Structure formats: structure tokens, C-alpha cells
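Each remark here refers to the structure printed beneath this line.
Residues take their numbers from the sequence shown, with the count starting at 1. Whatever order the structure lists them in is the order used to number ligands and atoms, beginning at 1.
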Amino acid sequence: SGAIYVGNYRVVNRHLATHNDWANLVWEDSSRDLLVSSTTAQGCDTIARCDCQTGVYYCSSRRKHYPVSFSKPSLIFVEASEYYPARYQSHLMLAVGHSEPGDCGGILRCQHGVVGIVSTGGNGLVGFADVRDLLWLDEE
Ligand SMILES: */O=C(\[N][C]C1=[C][C]=C(F)[C]=[C]1)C1=[C]N([C][C])N=[C]1
Ligand SMILES: [Zn+2]
């Protein structure tokens with residue numbers, strides 16, 4: 001579990017979005033595993049605006065933050081998980097590291113702020129849904 005809180009937006013994995021998220025929907029994209037809802041309170045996070053390929057991510061199934069190198073966001077085949085069938089996911093970054101289903105929502109951060117959230121795992125990789133292209137998160 002986990003979310004990004006930027007301005008008056010809440011960014012969650014689409015597959016973990018709640019009824020209250022869907023009832024207050026700003027934007028969602030199944031191909032990216034992302035959903036954004038509106039918030040009453042302003043959030044503490046800053047979104048990275050950069051092309052870093054190194055950062056640190058939180059792994060709840062280890063209670064640990066790990067430094068990783070990661071691929072640039074791309075259209076990647078993802079094997080079946082507990083929450084999605086095998087499919088192509090877009091805007092996905094991969095790193096070597098541990099990720100189980102409940103790790104989804106852990107933040108990946110670089111020197112510029114939040115890069116994305118954990119979205120995939122298995123076979124010794126962790127996949128992150130990028131948010132650095134969503135420039136509209138930073139206003140309005
Ligand atoms: O519930 C609302 N939004 C989703 C949400 C927000 C915070 C959170 F911790 C979980 C889910 C919502 C939005 N608004 C209007 C701004 N009222 C309720
Ligand atoms: Zn960066």
C-alpha cells in the first residue's frame with residue numbers, strides 16, 4: 001500500500017483505489033496502473049521532473065529502503081500477479097530488487113523528489129509506475 005500526496009492530489013495504484021478515490025476521480029489509466037483522486041488537505045510530496053535512473057525505493061515486505069538503478073519508463077510485458085493478468089503495462093520502470101504485491105504504493109525517489117510508486121514485482125525485479133511526465137500534478 002501507499003500513495004503520493006502532491007498539492008490537492010492523491011496518486012495511488014489503480015488496482016488499490018478505493019470507492020472514495022473513484023467518487024473523487026481526477027484521472028486514471030489502467031495501462032499505467034495509476035489513479036489520481038482529489039484531497040481536502042495539501043500533501044507533503046514533491047514530484048521529480050528529471051530523467052534520473054538512480055534513486056531509493058521503499059519495500060514494505062522488508063521494512064527497508066533500497067538504493068536502485070532503474071530503466072527509463074517504457075511499455076513492458078508483465079507476467080500475471082495476484083492483482084492483474086499477464087499484460088503490457090506502460091510508463092513502467094524496472095530495477096533489480098524485491099517486490100511482492102503488497103509492496104505496491106512504496107515511493108521511488110531521486111534527488112529531485114518522487115519518481116513513481118511500486119507497481120510490479122516477481123522474478124527478482126521491482127517495477128515502478130512513473131509519474132514524472134504528469135506535469136499537471138504540480139498545479140491547480
Ligand atoms: O475521499 C476523497 N478523496 C480520496 C481520498 C483522499 C485521501 C485519502 F487518504 C484517501 C482517499 C475526497 C475528496 N474530497 C474532495 C476534495 N472529499 C473527499
Ligand atoms: Zn531526478
Which pairs would a plain distance check flag for residues 35-47, meaning a side-chain donor or acceptor within less than 3.5 Å of a matching protein atom at least two apart in sequence or in another chain?
residue	atom	partner	partner atom	Å
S37	OG	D21	OD1	2.7
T39	OG1	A41	O	2.9
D45	OD2	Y5	N	2.9

Handout entry: Neighbour count above 12 (heavy atom, 6.0 Å) for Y88 OH
Key = no
Problem - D33 and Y84 side chains, donor-acceptor separation under 3.5 Å - result: yes
Exercise for the section: For ligand 1, list the protein residues that place a heavy atom within a distance below 4.0 Å of one of its atoms, sorted by chain and number. Expected result: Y5, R10, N20, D21, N24, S37, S38, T39, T40
Handout entry: Side chains of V56 and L108 in contact at under 4.5 Å (non-hydrogen atoms)
Key = no
Practice task
Indicate yes or no for a side-chain donor-acceptor contact from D130 to the backbone of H91 under 3.5 Å, with no hydrogens or angles considered.
Solution key: no
Which side-chain N or O atoms in residues 65-73 pair as donor and acceptor under 3.5 Å with protein atoms at least two apart or in another chain?
residue	atom	partner	partner atom	Å
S71	OG	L94	N	2.9

Handout entry: Aromatic ring proximity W136/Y9, centre distance under 6.0 Å
Key = yes
Handout entry: Side chain to side chain, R109 and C52, heavy atoms closer than 4.5 Å
Key = no
Exercise for the section: Verify whether one side chain among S31 and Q89 offers a donor that lies under 3.5 Å from an acceptor in the other. Expected result: no
Practice task
Under 2.8 Å from the Zn ion (ligand 2), which protein N, O or S atoms are there? Could you list them by chain and number?
Solution key: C50 SG, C52 SG, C110 SG, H112 ND1
